[PDB]
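Please read the structure below before turning to the comments.
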Amino acid sequence: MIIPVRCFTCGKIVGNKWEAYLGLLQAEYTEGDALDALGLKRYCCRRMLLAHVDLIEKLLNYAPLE
Amino acid sequence: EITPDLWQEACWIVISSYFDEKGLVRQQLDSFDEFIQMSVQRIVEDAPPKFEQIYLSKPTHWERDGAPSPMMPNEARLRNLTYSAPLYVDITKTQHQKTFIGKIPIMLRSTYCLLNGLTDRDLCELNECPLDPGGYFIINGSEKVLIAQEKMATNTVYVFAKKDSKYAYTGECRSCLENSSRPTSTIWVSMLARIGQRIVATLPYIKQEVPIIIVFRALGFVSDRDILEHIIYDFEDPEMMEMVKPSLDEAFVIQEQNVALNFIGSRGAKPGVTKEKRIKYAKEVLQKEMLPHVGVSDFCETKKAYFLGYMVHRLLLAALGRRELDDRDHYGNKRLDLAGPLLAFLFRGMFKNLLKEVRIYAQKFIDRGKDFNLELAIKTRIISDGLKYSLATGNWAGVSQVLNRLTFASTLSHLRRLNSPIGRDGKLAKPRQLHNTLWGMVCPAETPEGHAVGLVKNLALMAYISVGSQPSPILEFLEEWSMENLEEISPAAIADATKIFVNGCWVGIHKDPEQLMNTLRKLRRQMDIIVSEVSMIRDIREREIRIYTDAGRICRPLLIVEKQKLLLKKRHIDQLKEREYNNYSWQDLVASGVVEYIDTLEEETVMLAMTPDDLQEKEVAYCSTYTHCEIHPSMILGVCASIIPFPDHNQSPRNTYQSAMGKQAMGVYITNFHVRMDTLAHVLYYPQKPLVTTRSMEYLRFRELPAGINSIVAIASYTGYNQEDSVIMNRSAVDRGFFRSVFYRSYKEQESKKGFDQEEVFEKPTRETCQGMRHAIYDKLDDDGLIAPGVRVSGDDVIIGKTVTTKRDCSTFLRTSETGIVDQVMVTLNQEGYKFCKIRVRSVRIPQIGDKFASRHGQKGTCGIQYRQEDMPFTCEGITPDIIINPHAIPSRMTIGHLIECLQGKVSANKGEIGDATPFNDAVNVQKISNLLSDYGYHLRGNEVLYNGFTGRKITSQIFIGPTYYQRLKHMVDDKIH
Amino acid sequence: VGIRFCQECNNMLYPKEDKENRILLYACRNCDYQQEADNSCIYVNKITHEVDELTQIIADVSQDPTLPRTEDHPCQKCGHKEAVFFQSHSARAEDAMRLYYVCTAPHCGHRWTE
Ligand SMILES: [Zn+2]
Ligand SMILES: [Zn+2]
Ligand SMILES: [Zn+2]
């Protein structure tokens with residue numbers, strides 16, 4: 001649902017690079033440049049942002065129980 | 001102008017525009033709309049008295065109080081209601097209006113659902129998922145899918161060869177009227193084996209075969225030239241006449257109509273005593289049950305003579321070996337019954353019983369003599385409970401299955417499922433094989449395996465099952481376009497002219513069929529008189545023009561190629577790019593006569609091209625009379641085979657295996673799983689969209705409800721724990737959230753007070769008062785006998801505290817152990833107004849030694865062992881694999897698509913892209929992927945020097961490692977040890 | 001070989017023998033119509049049945065898009081360069097794989113095998 005902390009393979013914290021990735025993609029940076037700007041060098045870490053589907057943004061459309 | 005190299009993006013704008021308009025359950029929804037808008041009305045108006053018109057409300061619920069309040073589909077799901085709209089009719093005697101006769105279940109997101117035009121915001125204010133496709137019924141809480149049952153086409157003459165029996169050849173014709181008032185009535189016309197080979201006609205409601213000339217004299221064609229003029233259209237064919245000579249002799253004794261009608265009636269079901277009564281019996285059996293699609297009237301006899309002469313002539317053409325015998329597996333010869341035909345067939349019987357019972361009731365009152373009072377004479381539960389029962393149960397068996405909600409692809413693949421029957425027609429054909437005619441219309445890969453291999457099928461992606469139409473506009477146009485009827489002609493002209501059938505019934509003859517086909521096509525390519533789903537085949541050698549407006553003809557869109565140039569010019573693509581704020585959609589492309597719908601028997605007169613860019617370019621000529629073009633050749637694949645990347649590099653057993661395992665991968669199955677108390681939901685924590693993805697996945701919504709995670713996979717023999725299909729998992733990755741899952745289960749119970757005493761009631765049993773057989777543990781219940789959300793329930797622990805009163809206990813325990821946490825406890829009232837409770841418990845599932853994982857290239861394996869990150873073989877960058885799989889799995893399975901997926905996935909993760917694994921690309925090699933992998937500083941073939949994690953030493957052979965999309969199959973092991 | 005039809009009731013004329021002159025009559029069995037035959041043959045069974053398929057193929061097939069066209073086979077009648085070849089595909093002569101051509105020019109439709 002939500003960006004994982006910690007790239008699964010290596011353990012590097014990618015969980016504070018999701019809003020930065022989105023902000024750098026809306027400022028017209030190709031995804032390969034947005035990922036180099038966040039300092040994600042190993043492809044194991046770049047697939048964590050490259051291939052993430054933000055579903056918590058769709059689950060926040062249904063009104064809470066209270 | 002033309003599109004020369006911009007094709008591969010033009011190709012996919014045209015497909016995006018298709019799926020923007022239609023969607024993927026369009027056949028279900030269009031079929032139910034046709035049922036509920038046309039067939040219910042023409043069913044009440046084909047009832048012999050009287051009922052005037054039909055109104056259908058929006059689905060409404062009345063409580064025990066009594067008040068019309070709308071029901072939303074979620075309140076129907078939760079409270080176990082049926083999502084059904086009331087049906088009102090106008091009856092006349094005074095006259096009554098809106099007389100309620102029953103409740104009809106409403107297919108979700110169809111025109112009569114409360115969720116029909118709602119935007120995605122107001123779909124979320126109702127707690128419905130905006131991606132849910134709809135196309136199922138909510139019946140007693142359950143979501144039911146009407147599987148599309150395939151069957152043989154009616155109204156057409158099929159000449160087969162009886163292997164042995166006593167007939168060398170047999171030509172059958174299942175006939176059914178326009179509005180299928182009475183079921184189909186098959187007539188056979190066989191030619192005995194071996195005077196000579198006489199022809200016999202096996203009529204319905206007649207126990208013996210009848211010489212064919214007897215049936216031609218019973219129609220009133222007494223002479224013998226006036227029987228061969230209907231059978232042999234060219235008398236100068238001496239070879240065909242000597243085949244009918246042996247049969248104009250078996251009927252030599254009978255030379256008049258009434259002695260022939262007697263000959264026939266003497267064989268009926270009720271052999272009457274009177275010659276006149278037997279004559280009248282045979283008269284009405286030939287007048288109503290023989291070839292009803294030709295007509296049921298007092299003058300439809302020179303049309304039944306023509307049609308029976310056609311069946312005989314076509315049997316002779318087969319026996320003379322002048323026409324191929326008919327293929328029983330060809331899909332031009334099949335029709336798919338969807339929710340429209342199935343439910344209209346189910347509603348004929350129930351309206352019939354409603355009439356029967358209103359008569360049986362009102363008769364008592366008015367022959368008593370008081371008064372009838374029609375409006376309590378109506379037992380609405382006839383219609384209501386008949387529809388509801390036949391949908392809830394599936395017995396119409398195997399229609400109406402529970403909708404599969406394991407993945408989104410499992411769901412979408414359930415709503416596009418066909419079903420070849422294995423009844424008498426499955427006994428005569430080869431129904432389990434892939435026929436040539438399934439091209440583009442059924443997925444060649446997606447089939448079950450085991451006992452139903454090849455019997456259950458799935459639509460291709462752009463395949464559309466036609467919904468039905470009325471032939472009356474076409475019949476008027478044909479009359480107006482110089483077509484001669486089958487009464488204003490002399491069978492001397494019928495010889496070198498072109499038959500003209502419309503929906504099976506031979507309608508006329510035409511003397512210029514070329515110009516007629518041009519005209520009919522030009523009209524269908526403008527949607528003037530002929531709707532777009534109308535089939536128009538021309539048998540040039542057989543001299544026939546068959547025109548179909550049936551319901552159930554599976555078809556598919558194709559680009560039109562006039563001469564040798566596509567009609568899809570660059571301006572259509574420019575207008576479709578701006579599909580928003582332009583109102584230029586698929587239908588503005590159909591209506592522009594640039595895309596056509598071709599069905600499986602119109603598809604035999606066409607000359608398709610695969611690609612414009614290659615096929616219609618001048619070269620050493622293969623074909624230069626192309627008439628259509630494929631949009632994209634990968635639209636021949638279904639929903640679950642459109643997930644496989646590079647499927648033209650796997651062997652088809654692997655495409656089939658994966659098609660079956662894409663329906664078991666966990667993921668997110670629907671966005672509002674937070675409100676849905678299904679039994680058994682599986683939700684992955686961190687799903688990921690694939691890094692190597694098909695272009696046909698943009699339309700399956702697989703970037704939004706994806707089912708799996710991109711693993712780093714090393715193909716390497718590490719410690720032997722990946723022996724045959726097992727894999728070695730990283731224990732540190734698994735600690736970091738890799739492939740973790742949630743498993744929800746709901747338990748319902750209701751507080752039924754059925755009898756006078758022995759009322760069940762929710763109450764904390766334990767050691768309260770009047771105890772019975774209290775078992776292990778009853779202390780987590782609250783005082784209302786229900787457990788509260790957020791408590792941890794273990795094995796053999798009590799969930800609902802029900803006591804069936806000196807009170808016995810019938811409490812609900814967890815399903816034999818799982819130690820979950822109570823997630824949600826909803827309390828409501830069922831239809832009966834009794835208390836009702838659904839309790840959902842939640843269990844987190846971390847991958848283990850038994851759990852099964854599988855790639856998108858069709859082989860699944862348990863997890864042999866899990867090594868921590870420091871035990872895994874690392875790279876000179878510290879990239880330990882997430883999965884290590886065995887090398888000796890790859891070769892035997894032809895899945896080079898797995899290695900190309902790893903290579904393309906490595907390039908995509910380094911490049912910052914998402915790679916194109918679309919099947920028939922030709923702009924994506926392995927050499928082009930390798931030359932890009934060798935630009936990010938890797939070995940061009942994806943190998944990588946790995947080090948041993950135990951001893952630190954390099955591994956002598958370089959290991960093939962890279963990111964591959966892996967699925968966590970629904971199986972696991974927590975489900976077996978409990 | 002063919003069927004003869006009566007001239008009064010239009011039923012079928014069956015062969016019978018004329019004793020007094022010993023000549024083959026065709027006589028109807030619903031009338032007293034008779035007709036001195038001209039064939040002196042009653043029944044012909046062709047078991048080997050060498051058949052002409054140049055006579056079954058109608059020229060309208062030159063309007064088939066799915067049929068292969070040709071250029072190095074001009075029609076002998078009209079000299080039109082193009083043609084449209086195909087095979088028999090008939091349970092009787094399905095054994096051989098002989099090609100028939102149908103001149104494709106309009107108004108000609110001249111069939112020929114080679
Ligand atoms: Zn990493
Ligand atoms: Zn006669
Ligand atoms: Zn010619």
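Residues in the structure tokens are named by chain (A, B, ... in the order shown) and by number from 1 within that chain; ligands are numbered from 1 in the order shown.
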Item checked: Contacts of ligand 1, 9 Å or closer, only C-alpha atoms and all ligand atoms, given as an MDAnalysis selection string -> (chainID A and resid 6:14 40:48) or (chainID B and resid 878:879)
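If you take only C-alpha atoms and a cut-off of 7 Å, the residues of chain B that reach chain C are residues 223, 224, 225, 238, 241, 242, 321, 322, 323, 540, 541, 605, 606, 607, 623, 625 and 626 of chain B.
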With a distance threshold of 8 Å and counting only C-alpha atoms, extract the residues of chain B near chain A and express them as an mmCIF file with N, CA and C atoms, in the first residue's frame.
data_model
loop_
_atom_site.group_PDB
_atom_site.id
_atom_site.type_symbol
_atom_site.label_atom_id
_atom_site.label_comp_id
_atom_site.auth_asym_id
_atom_site.auth_seq_id
_atom_site.Cartn_x
_atom_site.Cartn_y
_atom_site.Cartn_z
ATOM 1 N N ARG B 121 -15.424 9.445 -7.415
ATOM 2 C CA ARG B 121 -15.640 10.003 -6.088
ATOM 3 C C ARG B 121 -16.896 9.448 -5.456
ATOM 4 N N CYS B 124 -16.722 6.026 -4.365
ATOM 5 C CA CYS B 124 -16.068 5.844 -3.080
ATOM 6 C C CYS B 124 -16.887 6.374 -1.916
ATOM 7 N N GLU B 125 -17.865 7.249 -2.153
ATOM 8 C CA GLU B 125 -18.748 7.633 -1.056
ATOM 9 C C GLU B 125 -19.781 6.557 -0.773
ATOM 10 N N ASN B 127 -18.631 3.361 -0.798
ATOM 11 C CA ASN B 127 -17.729 2.295 -0.386
ATOM 12 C C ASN B 127 -17.622 1.215 -1.445
ATOM 13 N N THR B 671 -9.867 -2.461 -4.053
ATOM 14 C CA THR B 671 -9.461 -1.341 -3.229
ATOM 15 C C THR B 671 -10.239 -1.228 -1.938
ATOM 16 N N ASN B 672 -11.500 -1.618 -1.921
ATOM 17 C CA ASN B 672 -12.303 -1.477 -0.718
ATOM 18 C C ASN B 672 -12.381 -2.770 0.050
ATOM 19 N N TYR B 685 1.279 -7.043 1.517
ATOM 20 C CA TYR B 685 1.603 -5.753 2.110
ATOM 21 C C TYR B 685 2.066 -4.765 1.061
ATOM 22 N N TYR B 686 3.152 -5.089 0.371
ATOM 23 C CA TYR B 686 3.823 -4.168 -0.538
ATOM 24 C C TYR B 686 3.815 -4.760 -1.932
ATOM 25 N N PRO B 687 2.709 -4.696 -2.644
ATOM 26 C CA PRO B 687 2.711 -5.116 -4.033
ATOM 27 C C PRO B 687 3.455 -4.111 -4.882
ATOM 28 N N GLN B 688 3.954 -4.575 -6.002
ATOM 29 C CA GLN B 688 4.719 -3.733 -6.889
ATOM 30 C C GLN B 688 4.271 -3.957 -8.314
ATOM 31 N N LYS B 689 4.261 -2.940 -9.075
ATOM 32 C CA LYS B 689 3.979 -3.183 -10.462
ATOM 33 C C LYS B 689 5.210 -3.778 -11.131
ATOM 34 N N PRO B 690 5.044 -4.553 -12.186
ATOM 35 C CA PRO B 690 6.195 -5.214 -12.779
ATOM 36 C C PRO B 690 7.149 -4.219 -13.406
ATOM 37 N N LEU B 691 8.436 -4.545 -13.388
ATOM 38 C CA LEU B 691 9.406 -3.725 -14.095
ATOM 39 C C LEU B 691 9.522 -4.098 -15.552
ATOM 40 N N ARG B 703 -1.308 -2.150 -12.942
ATOM 41 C CA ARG B 703 -0.412 -1.235 -12.266
ATOM 42 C C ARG B 703 -1.048 -0.705 -11.007
ATOM 43 N N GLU B 704 -2.303 -1.058 -10.756
ATOM 44 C CA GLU B 704 -3.042 -0.405 -9.689
ATOM 45 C C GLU B 704 -3.498 -1.402 -8.651
ATOM 46 N N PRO B 706 -1.640 -4.692 -8.291
ATOM 47 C CA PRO B 706 -0.667 -5.657 -8.784
ATOM 48 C C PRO B 706 -0.464 -6.777 -7.778
ATOM 49 N N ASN B 710 8.892 -7.408 -7.330
ATOM 50 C CA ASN B 710 10.079 -7.624 -8.149
ATOM 51 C C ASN B 710 11.205 -8.132 -7.277
ATOM 52 N N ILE B 712 14.961 -9.820 -6.653
ATOM 53 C CA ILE B 712 16.255 -10.037 -7.278
ATOM 54 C C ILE B 712 16.474 -11.533 -7.249
ATOM 55 N N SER B 732 16.571 -11.880 5.500
ATOM 56 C CA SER B 732 16.583 -10.476 5.844
ATOM 57 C C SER B 732 15.598 -9.688 5.014
ATOM 58 N N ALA B 733 15.499 -9.981 3.732
ATOM 59 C CA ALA B 733 14.449 -9.404 2.921
ATOM 60 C C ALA B 733 13.090 -9.730 3.481
ATOM 61 N N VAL B 734 12.881 -10.970 3.895
ATOM 62 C CA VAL B 734 11.606 -11.387 4.452
ATOM 63 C C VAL B 734 11.336 -10.689 5.773
ATOM 64 N N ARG B 736 12.313 -7.598 6.211
ATOM 65 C CA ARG B 736 12.102 -6.224 5.811
ATOM 66 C C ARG B 736 10.783 -5.992 5.107
ATOM 67 N N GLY B 737 9.892 -6.969 5.073
ATOM 68 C CA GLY B 737 8.589 -6.794 4.489
ATOM 69 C C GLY B 737 8.358 -7.540 3.205
ATOM 70 N N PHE B 738 9.329 -8.301 2.747
ATOM 71 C CA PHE B 738 9.244 -8.972 1.462
ATOM 72 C C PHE B 738 8.166 -10.028 1.515
ATOM 73 N N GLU B 877 28.900 -5.331 -5.106
ATOM 74 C CA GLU B 877 28.204 -4.154 -4.608
ATOM 75 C C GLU B 877 27.417 -4.438 -3.354
ATOM 76 N N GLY B 878 27.347 -5.678 -2.923
ATOM 77 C CA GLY B 878 26.549 -6.038 -1.791
ATOM 78 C C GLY B 878 25.113 -6.335 -2.103
ATOM 79 N N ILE B 879 24.796 -6.713 -3.334
ATOM 80 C CA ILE B 879 23.429 -7.009 -3.732
ATOM 81 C C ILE B 879 23.223 -8.505 -3.557
ATOM 82 N N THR B 880 22.724 -8.911 -2.413
ATOM 83 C CA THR B 880 22.360 -10.298 -2.228
ATOM 84 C C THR B 880 21.030 -10.594 -2.902
ATOM 85 N N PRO B 881 20.915 -11.702 -3.595
ATOM 86 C CA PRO B 881 19.635 -12.043 -4.199
ATOM 87 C C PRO B 881 18.515 -12.144 -3.193
ATOM 88 N N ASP B 882 17.296 -11.903 -3.622
ATOM 89 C CA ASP B 882 16.121 -12.141 -2.812
ATOM 90 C C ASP B 882 15.640 -13.565 -2.917
ATOM 91 N N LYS B 906 16.721 -5.885 -15.367
ATOM 92 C CA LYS B 906 17.944 -5.235 -14.927
ATOM 93 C C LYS B 906 18.145 -3.921 -15.652
ATOM 94 N N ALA B 909 15.586 -1.393 -14.233
ATOM 95 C CA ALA B 909 15.869 -0.863 -12.911
ATOM 96 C C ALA B 909 17.046 0.083 -12.947
ATOM 97 N N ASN B 910 18.006 -0.156 -13.836
ATOM 98 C CA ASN B 910 19.137 0.755 -13.935
ATOM 99 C C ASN B 910 18.816 1.991 -14.743
ATOM 100 N N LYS B 911 18.011 1.851 -15.778
ATOM 101 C CA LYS B 911 17.723 2.943 -16.687
ATOM 102 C C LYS B 911 16.680 3.870 -16.106
ATOM 103 N N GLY B 912 15.786 3.333 -15.304
ATOM 104 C CA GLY B 912 14.772 4.144 -14.692
ATOM 105 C C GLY B 912 13.579 4.191 -15.601
ATOM 106 N N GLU B 913 13.215 3.037 -16.125
ATOM 107 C CA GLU B 913 12.148 2.932 -17.087
ATOM 108 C C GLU B 913 11.295 1.769 -16.631
ATOM 109 N N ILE B 914 10.395 1.306 -17.474
ATOM 110 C CA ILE B 914 9.686 0.065 -17.234
ATOM 111 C C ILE B 914 9.527 -0.627 -18.566
ATOM 112 N N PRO B 963 16.461 -8.667 -11.681
ATOM 113 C CA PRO B 963 15.131 -8.540 -11.082
ATOM 114 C C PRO B 963 13.990 -9.109 -11.896
#
Contacts of residue 186 (chain B) at 8 Å (only C-alpha atoms; same-chain gap of 4+ positions) as a PDB file with N, CA, C and O atoms, in the first residue's frame:
ATOM      1  N   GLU B 172     -28.800 -31.917 -40.201  1.00  0.00           N
ATOM      2  CA  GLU B 172     -29.720 -31.457 -39.181  1.00  0.00           C
ATOM      3  C   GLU B 172     -29.884 -29.950 -39.265  1.00  0.00           C
ATOM      4  O   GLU B 172     -29.111 -29.260 -39.914  1.00  0.00           O
ATOM      5  N   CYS B 173     -30.932 -29.443 -38.628  1.00  0.00           N
ATOM      6  CA  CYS B 173     -31.183 -28.008 -38.590  1.00  0.00           C
ATOM      7  C   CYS B 173     -32.014 -27.712 -37.355  1.00  0.00           C
ATOM      8  O   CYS B 173     -33.232 -27.823 -37.406  1.00  0.00           O
ATOM      9  N   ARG B 174     -31.367 -27.300 -36.276  1.00  0.00           N
ATOM     10  CA  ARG B 174     -32.078 -26.894 -35.072  1.00  0.00           C
ATOM     11  C   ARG B 174     -32.752 -25.563 -35.321  1.00  0.00           C
ATOM     12  O   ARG B 174     -32.090 -24.547 -35.499  1.00  0.00           O
ATOM     13  N   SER B 175     -34.070 -25.549 -35.330  1.00  0.00           N
ATOM     14  CA  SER B 175     -34.817 -24.346 -35.644  1.00  0.00           C
ATOM     15  C   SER B 175     -35.414 -23.743 -34.392  1.00  0.00           C
ATOM     16  O   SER B 175     -35.927 -24.458 -33.536  1.00  0.00           O
ATOM     17  N   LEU B 203     -38.583 -36.118 -38.415  1.00  0.00           N
ATOM     18  CA  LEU B 203     -39.346 -34.970 -37.975  1.00  0.00           C
ATOM     19  C   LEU B 203     -39.545 -35.009 -36.478  1.00  0.00           C
ATOM     20  O   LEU B 203     -39.416 -36.060 -35.850  1.00  0.00           O
ATOM     21  N   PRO B 204     -39.844 -33.874 -35.862  1.00  0.00           N
ATOM     22  CA  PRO B 204     -40.165 -33.878 -34.438  1.00  0.00           C
ATOM     23  C   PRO B 204     -41.610 -34.280 -34.223  1.00  0.00           C
ATOM     24  O   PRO B 204     -42.477 -33.990 -35.047  1.00  0.00           O
ATOM     25  N   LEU B 291     -39.507 -27.023 -38.765  1.00  0.00           N
ATOM     26  CA  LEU B 291     -38.853 -25.788 -39.171  1.00  0.00           C
ATOM     27  C   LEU B 291     -39.631 -24.536 -38.737  1.00  0.00           C
ATOM     28  O   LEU B 291     -40.061 -23.758 -39.561  1.00  0.00           O
TER      29      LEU B 291
END
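Between CA of residue 331 (chain B) and CA of residue 521 (chain B) there is a distance of 22.0 Å.
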Note to self: Please identify all protein, DNA and RNA residues within 9 Å of ligand 3, counting only C-alpha atoms and all ligand atoms, and report them as a ChimeraX atom specification.
What the structure shows: /C:74-83,102-111
